[PDB]
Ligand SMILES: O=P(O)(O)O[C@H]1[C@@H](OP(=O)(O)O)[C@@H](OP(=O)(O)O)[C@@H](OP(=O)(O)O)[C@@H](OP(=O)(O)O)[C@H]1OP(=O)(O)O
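Okay, here we've got a single chain as structure tokens, the form deposited without the named molecule, with questions on binding and movement later.
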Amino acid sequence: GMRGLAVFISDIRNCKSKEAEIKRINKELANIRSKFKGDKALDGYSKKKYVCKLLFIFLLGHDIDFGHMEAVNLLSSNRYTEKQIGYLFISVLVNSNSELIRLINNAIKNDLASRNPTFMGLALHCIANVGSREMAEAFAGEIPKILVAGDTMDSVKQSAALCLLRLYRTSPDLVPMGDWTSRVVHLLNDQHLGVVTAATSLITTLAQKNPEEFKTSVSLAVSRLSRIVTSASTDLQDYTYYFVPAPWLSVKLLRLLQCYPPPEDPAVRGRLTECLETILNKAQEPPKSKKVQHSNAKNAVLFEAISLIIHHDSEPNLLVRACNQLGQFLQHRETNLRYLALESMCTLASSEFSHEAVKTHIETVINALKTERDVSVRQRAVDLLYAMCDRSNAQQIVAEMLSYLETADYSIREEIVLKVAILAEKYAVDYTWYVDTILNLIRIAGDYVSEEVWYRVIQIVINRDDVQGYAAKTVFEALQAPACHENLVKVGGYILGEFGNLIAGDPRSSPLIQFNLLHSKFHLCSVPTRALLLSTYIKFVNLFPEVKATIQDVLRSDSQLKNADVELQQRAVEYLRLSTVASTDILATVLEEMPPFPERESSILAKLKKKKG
């Protein structure tokens, strides 16, 4: 123990406005600068107590500028608590100095080169805890040789593994690939489950960048797991969390197999199946403790297991059941479990083995999304329909996302609009529904649309035909609507531009009318849009002798000609000029039909993937 820290903190808590705190504080800071500077500077309680007080002030929300060498003091030492305290202050703070740094390293190796627990320990915890380059430059052929054909304290072995994971974590170039692979994946099997833990983690990264290298890990992790999951209802009691056996080890091995595609040697693959099977069936069983934690540890494993199943795709049965269970979970009292199933089963849907399997739940999900009313959740739900959609679905799933958008933020709004657009593009059987749905996004959202959406619906209407005289009709009624969004004017503009003739027969839709209409639309419209309405006005000339009088009348008055912006000038002029001059047979030839767009590349999906993360 020790007195001061307690006194100090007692007092510092027992304070007035944060300012009195500051007074008392700076009193101790100046008092420590002066307790520092000079005299017979004592041993235990003194150095410990005051260094501790600087750490505490620092970690109160204040800063430390002084005497940290007059604190690097404590490191190479007789006592633990001074070592621990010194290492602590140095790991928690590192300033603009290098002398400090080399003295700290001196202390590091001169403390490390020992033969006992907490030295090796404290230093490993430091190196692994913070450390600059010189840690990875000076101690990178160090930890490999620490654990080769050489045996240390399990606690140390562990801190060594995790340290080496740090030293590969920041300095790959400064990590050698020596002949130690075999004792790395021999002491995986090793007795102490902590050792197995850390190792499993490290090996997870090492093999994440070097598969071929740890191809042994596989079989061993397998037997180690099946062993863990069906042992006995009392086994390695030290390492059971609320009745579940060693769940973070399972979870770390599950995670460790997910970097390897379907286990080769098939007795191994056998045990893996047999086991995953086991796990599945244990989730089948019943609560062995009313206490929420037990439930959870078990489910952690279950969830990661499901995942190894999805990453594999070699098991049909397994997949189907993962679906079934995950299914049962979506209406759980618990919210974490719904939300985690939702996520999980979304990840799942990409396996075609489990796709009808999934579809069955549409009802449920449509209900979560419609209801849940937290939001992390619905966001998981909507991701999951989008996820689960084929032709049938597509019709409904789309109707639903459409209302769902009649209510959400901003970010979501756009991304939903993007999906509704990719589903209706990808799945529409009848293509009148497709136009209807895009026209629908414009209505429900508009402000959130995006642009590859109106580019695409434009693209499509041109490329399909049968779609057209309809599209034209719709777009024309839909423009004469009261409040009237602008992407509607972009879209209706273009479309009715280059297909208005189809509709042009109907007395309600003569061309004069198509123009006047598009024209009330013109005078409140971003440049780009008006660039659009001008070029439609010329298509409208060449497709419509009838009207030309009025059109020239318009693209001729000062307003569009003496215009302030290059494009609407250039354009208004050019189109003036091709009515003015222009043989006719040229004007025509120019403004031809417009070839079908090739089958593109899908901008939309592209955008959504960029939005991802």
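Shifts are known only where both forms have a C-alpha. Between two forms, the rigid core is defined as the largest C-alpha subset superposing within 1.5 Å. The numbering used is simple: start at 1 and walk along the sequence shown.
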Comparing 579 to 587 with 52 to 60, which has the greater mean CA B-factor as deposited? 52 to 60
Would you mind comparing 171 to 179 and 242 to 250 for me and telling me which has the higher average C-alpha temperature factor in the entry? 171 to 179
Using the temperature factors in the entry, find which of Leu280, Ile416, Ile146, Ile422 has the highest value at its Cα atom. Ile146
Report the option among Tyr404, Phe303, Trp433, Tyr80 whose CA atom has the maximum B-factor in the deposited record. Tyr80
What third of its chain's C-alpha B-factors does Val229 belong to: lowest, middle or highest? middle
Taking the entry's C-alpha B-factors for this chain, is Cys323 in the lowest, middle or highest third? lowest
Where does the C-alpha B-factor of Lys473 rank in its chain, lowest, middle or highest third? lowest
What third of the chain does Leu518 rank in for C-alpha temperature factor, lowest, middle or highest? lowest
If you rank the chain by CA B-factor, which third does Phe329 end up in: lowest, middle or highest? lowest
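The same protein has a further form, the form deposited with the named molecule bound, not shown here; the description that follows concerns it.
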Place the named molecule on this chain by superposition, using its pose in the deposited complex; is the pocket open, or blocked by 3 or more ligand atoms lying within 2.4 Å of backbone or C-beta atoms? open
Within 4.5 Å of the named molecule in the deposited complex, heavy atom basis, the matching stretch of 582 to 590, 61 to 69, 30 to 38, 549 to 557 is 30 to 38
My question is simply whether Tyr575 lines the interface with the named molecule in the deposited complex - judged by any non-hydrogen atom within 4.5 Å. no
4.5 angstroms heavy atom contact with the named molecule in the deposited complex for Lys47: no
Against the named molecule in the deposited complex, would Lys53 count as a contact residue? Criterion: heavy atoms within 4.5 Å. yes
Within 4.5 Å of the named molecule in the deposited complex, which residues of 117 to 131 have a heavy atom? Give them in sequence order, or say none. none
Which one of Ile228, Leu418, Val244, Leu167 is the only residue whose C-alpha moves by 2 Å or more between this form and the one not shown, after superposing on the core? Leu418
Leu55: Cα shift of 2 Å or greater between this form and the one not shown (core-aligned): no
Classify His519 as shifted (yes) or not shifted (no) between this form and the one not shown, where shifted means its C-alpha moves by 2 Å or more with the rigid core superposed. yes
Does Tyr434 shift between this form and the one not shown by 2 angstroms or more at the C-alpha, the core having been superposed? yes
Taking the cut-off of 3 Å or more as given, in which direction does the distance between the C-alpha atoms of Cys259 and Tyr386 change in the deposited complex, closer or farther? farther
Fitting the two forms on their core, which runs of three or more residues have every Cα moved by 2 Å or more between this form and the one not shown? 147 to 151, 361 to 600
